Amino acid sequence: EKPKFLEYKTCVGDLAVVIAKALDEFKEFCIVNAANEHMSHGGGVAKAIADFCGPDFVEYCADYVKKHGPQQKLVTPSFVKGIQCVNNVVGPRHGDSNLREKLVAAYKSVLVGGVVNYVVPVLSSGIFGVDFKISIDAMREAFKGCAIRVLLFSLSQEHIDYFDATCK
C-alpha cells in the first residue's frame, strides 16, 4: 500500500487539525518537524509538535543531543498512535547561505526507510523567514519520482495557494 507515485494533499491550519486530517486520510504517517540543530522545540511547529507529542518526546530529543551533539536530522518516537515517528529536519535560516540547494537537501532528508506517508510543514518559512516559494519549489524538486504521499501544511493560506499554483 505504497502509492504508485507521488501523491500530494494540503492543509491550512494549526497542527491539531492537520494531524486529525492526516490520521483520517493516511491512517499512519511520519510527521516532519521544522527543527533547529539543538532540537530545542521552543516555537513555531516545533513547539506545537513538542506540546502534542509530550515530555517523552521533548526528553528523547534533549537526551539525544546531549549524547550525540547537534543534529541536522533526527528521527524520533512520536508517542502518539498513528504517528510512526517524528522526523526533525533542520532547514536553512535567512542569510543563509545558499537557500535552494539547502532546502532540497532538507526535504530529501525527510524520507525515512519503512515510511510512505509524510506530513510536512513549509520548512524555513516561519520563525526565520526564508521565502516560502523557494522552500516549496525545493520540496517539489526533492520529492520528484518518489512513491510517497505528502500532506503539505502551513498556517498561511498563501503558502498552499502557491503550492496549488503548480498542482493546478
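Quick note: we count residues from 1 along the sequence shown, nothing fancier.
- According to the PDB record, 89 to 97 carries the higher mean C-alpha B-factor of the two stretches 89 to 97 and 72 to 80.
- When the mean C-alpha temperature factors of 58 to 66 and 124 to 132 are read from the deposited coordinates, 124 to 132 comes out higher.
- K102 sits in the highest third of its chain by CA B factor, as recorded in the PDB entry.
- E141 sits in the middle third of its chain by CA B factor, as recorded in the PDB entry.
- Among the modelled residues of its chain, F26 has a C-alpha B-factor that falls in the highest third, as given in the PDB entry.
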